[PDB]
K.L.:
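Before I ask anything, here is the structure I am working with.
In the text below, chain A, chain B and the rest are named by the order of the sequence lines, each starting its count at 1. Values below: every heavy atom of this structure, side chains too, minus hydrogens, waters and symmetry copies.
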Amino acid sequence: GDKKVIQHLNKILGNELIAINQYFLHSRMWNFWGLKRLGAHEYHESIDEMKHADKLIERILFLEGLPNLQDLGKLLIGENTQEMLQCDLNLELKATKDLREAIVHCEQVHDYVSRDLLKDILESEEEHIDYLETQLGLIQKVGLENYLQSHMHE
Amino acid sequence: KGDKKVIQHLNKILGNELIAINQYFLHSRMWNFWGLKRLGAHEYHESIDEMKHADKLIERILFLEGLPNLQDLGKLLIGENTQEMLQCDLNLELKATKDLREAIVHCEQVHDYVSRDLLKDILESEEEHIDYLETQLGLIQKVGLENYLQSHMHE
Amino acid sequence: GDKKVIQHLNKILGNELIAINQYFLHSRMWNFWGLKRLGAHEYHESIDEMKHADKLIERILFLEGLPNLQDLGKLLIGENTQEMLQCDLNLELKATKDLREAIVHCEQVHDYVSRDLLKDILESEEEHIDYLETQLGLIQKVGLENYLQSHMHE
Amino acid sequence: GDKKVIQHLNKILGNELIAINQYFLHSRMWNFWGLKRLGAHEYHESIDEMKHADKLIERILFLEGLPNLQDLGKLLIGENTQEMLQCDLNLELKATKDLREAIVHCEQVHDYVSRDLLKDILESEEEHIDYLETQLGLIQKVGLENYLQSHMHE
Amino acid sequence: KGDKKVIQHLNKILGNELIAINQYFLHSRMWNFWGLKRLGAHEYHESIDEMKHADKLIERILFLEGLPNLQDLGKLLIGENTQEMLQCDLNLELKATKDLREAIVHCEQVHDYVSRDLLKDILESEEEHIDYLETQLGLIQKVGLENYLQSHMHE
Amino acid sequence: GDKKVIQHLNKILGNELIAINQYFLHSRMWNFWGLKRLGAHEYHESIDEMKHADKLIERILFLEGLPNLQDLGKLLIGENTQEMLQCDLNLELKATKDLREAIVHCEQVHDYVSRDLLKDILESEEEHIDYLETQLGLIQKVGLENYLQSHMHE
Amino acid sequence: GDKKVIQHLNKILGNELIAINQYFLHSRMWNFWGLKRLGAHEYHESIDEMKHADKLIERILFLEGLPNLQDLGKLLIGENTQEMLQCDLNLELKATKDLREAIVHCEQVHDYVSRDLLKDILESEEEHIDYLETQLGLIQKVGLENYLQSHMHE
Ligand code: HEM
Ligand code: HEM
Ligand code: HEM
Ligand SMILES: [Fe+2]
Ligand SMILES: [Fe+2]
Ligand SMILES: [Fe+2]
Ligand SMILES: [Fe+2]
Ligand SMILES: [Fe+2]
Ligand SMILES: [Fe+2]
Ligand SMILES: [Fe+2]
Ligand SMILES: [Fe+2]
Ligand SMILES: [Fe+2]
Ligand SMILES: [Fe+2]
Ligand SMILES: [Fe+2]
Ligand SMILES: [Fe+2]
Ligand SMILES: [Fe+2]
Ligand SMILES: [Fe+2]
Ligand SMILES: [Fe+2]
Ligand SMILES: [Fe+2]
Ligand SMILES: [Fe+2]
Ligand SMILES: [Fe+2]
Ligand SMILES: [Fe+2]
Ligand SMILES: [Fe+2]
Ligand SMILES: [Fe+2]
Ligand SMILES: [Fe+2]
Ligand SMILES: [Fe+2]
Ligand SMILES: [Fe+2]
Ligand SMILES: [Fe+2]
Ligand SMILES: [Fe+2]
Ligand SMILES: [Fe+2]
Ligand SMILES: [Fe+2]
Ligand SMILES: [Fe+2]
Ligand SMILES: [Fe+2]
Ligand SMILES: [Fe+2]
Ligand SMILES: [Fe+2]
Ligand SMILES: [Fe+2]
Ligand SMILES: [Fe+2]
Ligand SMILES: [Fe+2]
Ligand SMILES: [Fe+2]
Ligand SMILES: [Fe+2]
Ligand SMILES: [Fe+2]
Ligand SMILES: [Fe+2]
Ligand SMILES: [Fe+2]
Ligand SMILES: [Fe+2]
Ligand SMILES: [Fe+2]
Ligand SMILES: [K+]
Ligand SMILES: [K+]
């Protein structure tokens with residue numbers, strides 16, 4: 001197992017761990033406000049990050065590294081829907097940047113299996129970016145209050 | 001026999017339920033009359049819940065050899081629009097949970113642990129209703145009154 | 001809506017609310033005593049009164065009146081089976097007298113829909129009277145202890 | 001068959017015939033405009049009036065009168081949703097006034113079967129008035145645009 | 001590892017369960033022998049209920065690293081006719097609920113909230129049993145003994 | 001009903017009552033240690049003794065004796081698996097010796113129905129002896145740790 | 001919501017969050033080693049703590065407090081089965097100590113619903129303690145290699 005790939009994998013894992021907690025708190029904030037459609041979708045984003053974390057832990061162990069679940073970076077918590085969506089988007093853009101750098105390194109040392117795992121995680125992060133950007137655009141097109149109204153009921 | 005002051009408390013809680021039954025049922029039918037059928041149906045289910053709480057209170061009172069008091073009906077808090085009605089229900093529930101907390105203190109003090117457990121089950125349900133009410137009031141502010149009513153027209 | 005019909009309807013509603021609470025207490029007393037068949041039949045009487053009140057509240061609102069659920073008249077509570085049944089029978093006879101007077105006024109002002117609602121309620125209150133007098137008569141024909149024995153188990 | 005009862009029934013029938021055409025045209029206007037939920041409900045109001053007419057026709061023939069499907073009174077056609085609902089409401093209020101006078105006459109000559117038919121029709125017309133007043137009320141509470149938005153899709 | 005006095009209370013409750021098990025089983029089989037099969041069946045199910053309580057107490061005592069006492073059997077209260085047997089069961093239950101209340105107080109004092117919740121569940125069941133017994137005794141007075149027994153011949 | 005048969009039946013019943021409690025405690029001990037296969041089997045042994053006690057009680061009542069559920073003899077409680085199994089085995093050998101004397105006495109006074117009941121219970125105790133002796137022999141053949149390992153999981 | 005109760009709830013939440021990561025890493029270490037039955041049971045312990053965490057966050061938000069998902073305390077990671085089980089046990093004993101103190105405070109300020117939630121979590125934690133002490137006892141009774149052998153396959 002290449003020491004620097006393992007480092008990259010733990011960096012990605014650290015980003016997942018941030019996103020699990022940020023999205024889960026955002027989910028329960030929306031549910032508490034009665035915006036249950038947003039809350040449910042955000043919950044599923046949290047679950048996806050949990051599964052990404054699982055696969056990174058498994059790969060790190062296989063490569064004989066030490067998965068780092070101890071270091072938890074800064075959660076970006078908003079206080080209304082629009083800030084929450086933008087905080088999620090900022091966290092995702094950072095995450096895809098780290099994924100690109102880790103893929104470069106995997107290719108360099110010929111760890112093609114790790115690359116393929118990171119590429120699958122990256123496809124899903126870009127789908128998340130697409131979702132978040134689409135929501136911010138909808139808020140502009142239909143208005144904030146209409147947008148929130150359409151995310152009250154599941 | 002039951003402790004006389006526990007029975008007193010239980011009859012106080014029962015009196016609160018009886019207010020809530022009538023207040024929520026009328027509010028339900030006002031919302032249905034207005035064509036706000038989603039609010040009406042939810043409020044109907046709140047009224048049903050209080051009916052079931054009253055039933056369990058009546059049964060416990062009788063087991064404790066008290067006289068259940070269904071004669072004294074306190075003051076209903078009837079609003080005339082959706083905002084007032086939600087706030088009236090919230091005001092009733094806040095008083096209701098305060099009385100439930102005092103009743104639980106007294107059950108614990110005389111070691112009536114079954115009655116305490118009944119009252120805690122009712123209390124958890126009242127706190128869920130408070131959560132529902134504060135959420136609806138909060139949503140009115142976020143989405144606008146007219147949008148909120150619109151969303152509660154159709155089941 | 002005619003103001004005097006609304007008053008009449010609120011008077012019928014007031015009787016229903018007495019009956020609801022009287023029958024519900026009587027039901028739970030019989031249950032507490034282990035007379036579960038009596039308790040169960042009295043429960044369904046209470047439910048029937050609940051359903052009458054519902055229809056009255058709906059009609060009052062449509063006629064642009066204010067349903068009165070605040071005023072609760074005197075419950076007639078008995079302390080044994082024979083008294084409870086007679087208390088219920090007394091309440092029903094008062095209720096049918098009020099219903100007839102309301103039907104007369106509905107007819108006079110041509111509120112035929114309210115009349116028809118009150119007539120449906122009146123048929124149901126006559127069936128309850130029939131039930132009650134029948135129970136009172138069975139107590140005489142089979143004896144009190146036998147009558148109670150036969151209403152122990154559902 | 002009493003001549004004046006039959007004349008009353010033919011009057012009620014004439015009101016039904018106006019209502020059939022007015023509600024059907026209003027339904028198809030709303031469908032044309034893409035307000036398909038309003039259109040579907042107005043269609044069902046039209047169908048109900050068709051069934052009332054059918055029953056009145058059968059009764060008139062049994063009483064050996066001549067059902068009058070030739071005279072069509074004035075259709076009250078609105079140009080927008082508010083006017084259209086109010087036009088229906090004005091038609092219904094006229095229909096219920098005529099129904100009450102017909103019921104009076106049925107009672108006075110002891111045609112109790114014709115009375116009961118007219119009362120069943122009256123119960124349905126007061127439900128329709130309830131519908132119409134509720135919709136005009138919702139336009140006030142939720143705003144016209146929102147109300148129309150909520151009745152686009154079935 | 002569990003609290004010594006909680007364990008002693010739990011063993012005391014268990015001893016009460018072991019008396020009820022045997023007392024209710026014997027009464028059940030006496031009623032069956034006499035052809036009062038409805039009373040025999042209900043009394044059997046009361047005995048089974050006590051067996052399940054005993055089981056939960058034994059498991060909890062072991063988890064707390066105490067020694068379940070199944071050796072000491074106190075006095076069965078056996079009646080010789082239906083009215084005595086119901087009253088003996090009732091007298092046993094009233095003793096059992098007094099002891100349950102004292103054990104719950106001790107659990108609360110030392111913060112053994114899980115043992116308290118178990119005892120509260122048992123107490124709920126014993127008050128349901130007290131309700132059954134007082135109701136049967138009240139029915140003997142209301143319908144007469146002979147009618148009462150008649151109604152409990154067939155299942 | 002012969003007084004000495006009844007004494008014999010109460011003696012067997014007294015043995016069943018010891019066994020019920022001894023086996024139930026041993027079952028829950030094994031369950032608590034996580035030897036859930038030993039614990040489940042011992043639970044079923046306790047259940048069987050409960051069913052023997054039931055049949056004995058019914059027989060004693062029919063013979064117009066008084067069933068003695070009051071006097072509970074000494075439970076033999078071991079502190080590890082090998083002792084617990086040997087304690088059960090010692091209890092069973094005492095029980096079968098008492099059964100044999102009870103059957104002799106039933107045969108002598110021609111209580112053939114009681115004898116046949118005792119023979120059925122005796123058949124079941126000898127199956128329990130077989131189980132216990134078999135478990136003790138398996139401990140010698142496969143070793144204690146393997147024997148316990150094989151009875152962790154149901 | 002009482003500020004000190006919210007502090008207690010956030011402290012319990014903080015313990016849940018340690019347990020999530022510690023149990024999930026331990027689960028995946030056991031799966032990596034081929035001890036898949038140990039890994040699967042540890043995964044379900046991790047899921048349980050995720051659910052507790054969820055209930056705490058919902059209650060804190062309802063009490064109008066701020067759930068703290070940012071502070072992650074120290075994971076106790078073992079390097080073999082016996083150390084990992086003991087690290088989970090040490091974490092659980094600390095968690096039940098904090099739960100008892102939080103329940104005391106809920107009682108004192110009459111927040112009986114929060115107490116009931118904490119009591120439910122506490123019952124689950126005591127079941128986890130029972131599992132953990134049972135596994136440690138079994139290692140002693142059947143020996144380590146036997147115990148690990150029995151937890152290779154699911
Ligand atoms: C002392 C007062 C009352 C008590 C104790 C009581 C109790 C109950 C109970 C136990 C039920 C069955 C709930 C279930 O398990 O689903 C019920 C049903 C119902 N109650 Fe009440 N109730 C009371 C007053 C009222 C009032 C004042 C109204 C209306 C104005 C009402 C309307 C209804 C209706 C419509 C149902 C459903 C009936 C059906 O369709 O089956 N109740 N009530
Ligand atoms: C320490 C005392 C006892 C304990 C802990 C105990 C425990 C149990 C348990 C847990 C059950 C299962 C009930 C269920 O879940 O449905 C049971 C069943 C039963 N018990 Fe006991 N019991 C005890 C004493 C007795 C005694 C003394 C008798 C009779 C004299 C008895 C007769 C029965 C019978 C007939 C059953 C049903 C068995 C079947 O499935 O056929 N038990 N017992
Ligand atoms: C190390 C961090 C975490 C990891 C690796 C992780 C992993 C997982 C996995 C693999 C699942 C199953 C998903 C599926 O396949 O459907 C899951 C479920 C779940 N997680 Fe997490 N999780 C973590 C943190 C959290 C946190 C911090 C919370 C809440 C505050 C949480 C809440 C949940 C919930 C509610 C479920 C669904 C469980 C159920 O009800 O079945 N997770 N987690
Ligand atoms: Fe909520
Ligand atoms: Fe991810
Ligand atoms: Fe790199
Ligand atoms: Fe792949
Ligand atoms: Fe993501
Ligand atoms: Fe959406
Ligand atoms: Fe809603
Ligand atoms: Fe309506
Ligand atoms: Fe309530
Ligand atoms: Fe008090
Ligand atoms: Fe409970
Ligand atoms: Fe409530
Ligand atoms: Fe009862
Ligand atoms: Fe009625
Ligand atoms: Fe009048
Ligand atoms: Fe009708
Ligand atoms: Fe009635
Ligand atoms: Fe019975
Ligand atoms: Fe079209
Ligand atoms: Fe019509
Ligand atoms: Fe006329
Ligand atoms: Fe008819
Ligand atoms: Fe119409
Ligand atoms: Fe609509
Ligand atoms: Fe469309
Ligand atoms: Fe028999
Ligand atoms: Fe018990
Ligand atoms: Fe104590
Ligand atoms: Fe519990
Ligand atoms: Fe009991
Ligand atoms: Fe265990
Ligand atoms: Fe046996
Ligand atoms: Fe002998
Ligand atoms: Fe045989
Ligand atoms: Fe045996
Ligand atoms: Fe295992
Ligand atoms: Fe693997
Ligand atoms: Fe937990
Ligand atoms: Fe504190
Ligand atoms: Fe709860
Ligand atoms: Fe735990
Ligand atoms: Fe394998
Ligand atoms: K809108
Ligand atoms: K082996």
Side-chain angles (χ1 to χ4, degrees), chain C residues 34, chain E residues 12-55 57-58 69-74 76-100 119 121-140 148-149 152-153 155, chain F residues 10 13-14 16-21 24 46-47 49-54 56-62 65-72:
Chain E
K12 176 163 199 195
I13 306 310
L14 169 59
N16 290 337
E17 298 293 343
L18 296 165
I19 294 163
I21 288 165
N22 290 15
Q23 177 173 315
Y24 303 165
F25 207 85
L26 178 51
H27 281 166
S28 166
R29 267 49 187 150
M30 291 167 61
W31 272 317
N32 287 164
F33 165 76
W34 289 330
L36 302 167
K37 285 185 292 203
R38 218 181 177 107
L39 275 164
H42 188 107
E43 187 78 345
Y44 173 81
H45 288 115
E46 296 290 4
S47 183
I48 293 291
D49 280 357
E50 305 301 83
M51 290 173 208
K52 296 181 191 172
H53 295 160
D55 190 15
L57 291 166
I58 291 167
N69 191 341
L70 283 79
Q71 178 66 84
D72 299 334
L73 186 67
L76 321 187
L77 309 179
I78 308 304
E80 22 215 8
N81 61 54
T82 295
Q83 213 155 358
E84 287 186 13
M85 294 153 74
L86 294 167
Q87 191 67 60
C88 289
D89 294 353
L90 176 52
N91 290 349
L92 195 71
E93 292 293 325
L94 291 168
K95 177 63 189 340
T97 58
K98 167 165 158 159
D99 291 338
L100 277 158
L119 296 170
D121 293 342
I122 295 179
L123 179 60
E124 251 153 14
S125 169
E126 319 299 353
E127 291 192 6
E128 275 168 16
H129 193 183
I130 290 173
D131 186 34
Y132 167 74
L133 293 165
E134 297 183 342
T135 293
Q136 299 332 102
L137 288 170
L139 283 168
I140 289 165
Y148 179 81
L149 295 175
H152 291 85
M153 274 173 18
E155 298 197 47
Chain F
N10 265 322
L13 173 56
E16 298 294 340
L17 296 167
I18 294 167
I20 289 162
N21 288 22
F24 200 93
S46 184
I47 291 291
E49 304 295 79
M50 292 176 208
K51 293 172 171 177
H52 297 162
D54 189 14
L56 287 160
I57 292 166
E58 294 176 358
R59 186 59 187 172
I60 288 151
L61 288 171
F62 172 69
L66 295 165
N68 182 350
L69 287 78
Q70 181 67 86
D71 303 321
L72 174 60

K.L.:
Please name the pair of heavy atoms, one in E:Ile21 and one in E:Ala54, separated by the smallest distance, quoted to 0.1 Å.
P.N.:
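Result for this residue pair: CD1-CB, 4.0 Å.
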
K.L.:
Shortest non-hydrogen contact from E:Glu93 to E:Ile130?
P.N.:
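Nearest pair, atom of E:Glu93 first, then E:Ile130: CB-CG1, 3.5 Å.
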
K.L.:
Does one side chain, of F:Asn10 or F:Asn68, offer a donor that lies under 3.5 Å from an acceptor on the other?
P.N.:
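No pair is found: no donor N or O on one side chain lies under 3.5 Å from an acceptor on the other.
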
K.L.:
Are E:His152 and E:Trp31 side-chain neighbours, meaning at least one heavy-atom pair lies under 4.5 Å?
P.N.:
no

K.L.:
Is a side-chain donor or acceptor of E:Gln87 paired with a backbone partner of E:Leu133 at a separation under 3.5 angstrom?
P.N.:
no

K.L.:
Contact between E:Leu119 and E:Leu123 at the side-chain level, heavy atoms closer than 4.5 Å - yes or no?
P.N.:
no

K.L.:
Atom CD in F:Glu58, atom CG in F:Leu61: separation rounded to 0.5 Å?
P.N.:
8.0 Å

K.L.:
Between E:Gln136 and E:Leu139, is there a side-chain heavy-atom distance shorter than 4.5 Å?
P.N.:
yes

K.L.:
With the side chain counted from C-beta on, respond yes when E:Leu73 and F:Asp71 share a heavy-atom pair under 4.5 Å apart, and no when they do not.
P.N.:
no

K.L.:
Rounded to the nearest 0.5 Å, what's the gap from CZ on E:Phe25 to CD on E:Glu50? Could you check?
P.N.:
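Between atom CZ of E:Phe25 and atom CD of E:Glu50 there are 13.5 Å.
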
K.L.:
Can you tell me how far apart OG1 (E:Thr97) and CG (E:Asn16) are? Round to the nearest 0.5 Å.
P.N.:
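E:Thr97 atom OG1 to E:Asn16 atom CG measures 9.5 Å (nearest 0.5 Å).
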
K.L.:
Identify the heavy atoms of E:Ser28 and E:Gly40 that sit nearest to each other, and give their distance.
P.N.:
OG-O, 2.7 Å

K.L.:
Taking the side chain as C-beta and beyond, is there a heavy-atom pair between E:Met85 and E:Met30 under 4.5 Å?
P.N.:
yes

K.L.:
What are the two closest non-hydrogen atoms of E:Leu18 and E:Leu70, and how far apart are they?
P.N.:
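That closest heavy-atom pairing would be CD1-CA, 3.9 Å.
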
K.L.:
Step by step, work out the side chain to side chain contact (heavy atoms under 4.5 Å, CB included) result for E:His53 and E:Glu126.
P.N.:
CA-CA 10 Å; E:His53 295 160; E:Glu126 319 299 353; 3.4 Å; yes

K.L.:
With a 4.5 Å cut-off on side-chain heavy atoms, are F:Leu56 and F:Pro67 touching?
P.N.:
no

K.L.:
Is there side-chain contact between E:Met51 and E:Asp55, with heavy atoms separated by less than 4.5 Å?
P.N.:
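Not touching, per the 4.5 Å side-chain cut-off.
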
K.L.:
Rounded to the nearest 0.5 Å, how far apart are CG of E:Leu149 and OG1 of E:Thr82?
P.N.:
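It comes to 4.5 Å.
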
K.L.:
Looking at CG of E:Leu76 and NE2 of E:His27, how far apart are the two atoms once the value is rounded to the nearest 0.5 Å?
P.N.:
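E:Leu76 atom CG to E:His27 atom NE2 measures 8.5 Å (nearest 0.5 Å).
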
K.L.:
Would E:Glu46 and E:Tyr132 count as having a side-chain donor-acceptor pair, cut-off 3.5 Å?
P.N.:
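Short answer, no.
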
K.L.:
With sequence neighbours left out, what residues match E:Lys37 under side chain to side chain contact (heavy atoms under 4.5 Å, CB included)?
P.N.:
E:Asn32, E:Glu155

K.L.:
So that I know where these two stand, are E:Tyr24 and E:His129 an aromatic pair - ring centroids less than 6.0 Å apart?
P.N.:
yes

K.L.:
Do we get E:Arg29 above E:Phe33's six-membered ring, with its NZ or CZ under 6.0 Å from the centre and within 45° of the axis?
P.N.:
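That pair does not qualify as a cation-pi contact.
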
K.L.:
Checking E:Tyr148 against E:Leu137 for the side chain to side chain contact (heavy atoms under 4.5 Å, CB included) test, could you report, in this order, the C-alpha distance in whole Å, the side-chain angles of both residues, the deciding distance, and whether it holds?
P.N.:
CA-CA 10 Å; E:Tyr148 179 81; E:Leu137 288 170; over 6 Å; no

K.L.:
Calculate, to the nearest 0.5 Å, the distance between atoms CD and CG belonging to E:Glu124 and E:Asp121 respectively.
P.N.:
6.0 Å

K.L.:
For a side chain to side chain contact (heavy atoms under 4.5 Å, CB included) check, start with the C-alpha distance between E:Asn91 and E:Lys95, then their side-chain angles and the critical distance, and finish with the verdict.
P.N.:
CA-CA 6 Å; E:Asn91 290 349; E:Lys95 177 63 189 340; over 6 Å; no

K.L.:
Closest approach of E:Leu92 and E:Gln23, non-hydrogen atoms and distance?
P.N.:
CD2-OE1, 3.8 Å

K.L.:
Should E:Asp89 and E:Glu43 be marked as a side chain to side chain contact (heavy atoms under 4.5 Å, CB included) after you check the CA-CA gap, both sets of side-chain angles, and the distance that decides it?
P.N.:
CA-CA 10 Å; E:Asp89 294 353; E:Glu43 187 78 345; 2.5 Å; yes

K.L.:
Work out which heavy atom in E:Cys88 is nearest to a heavy atom in E:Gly79; give both atom names and the distance.
P.N.:
SG-N, 4.0 Å

K.L.:
Give a yes or no on this: more than 12 heavy atoms of other residues, nucleotides or ligands lie within 6.0 Å of atom CG of F:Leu66.
P.N.:
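Incorrect, the count does not exceed 12.
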
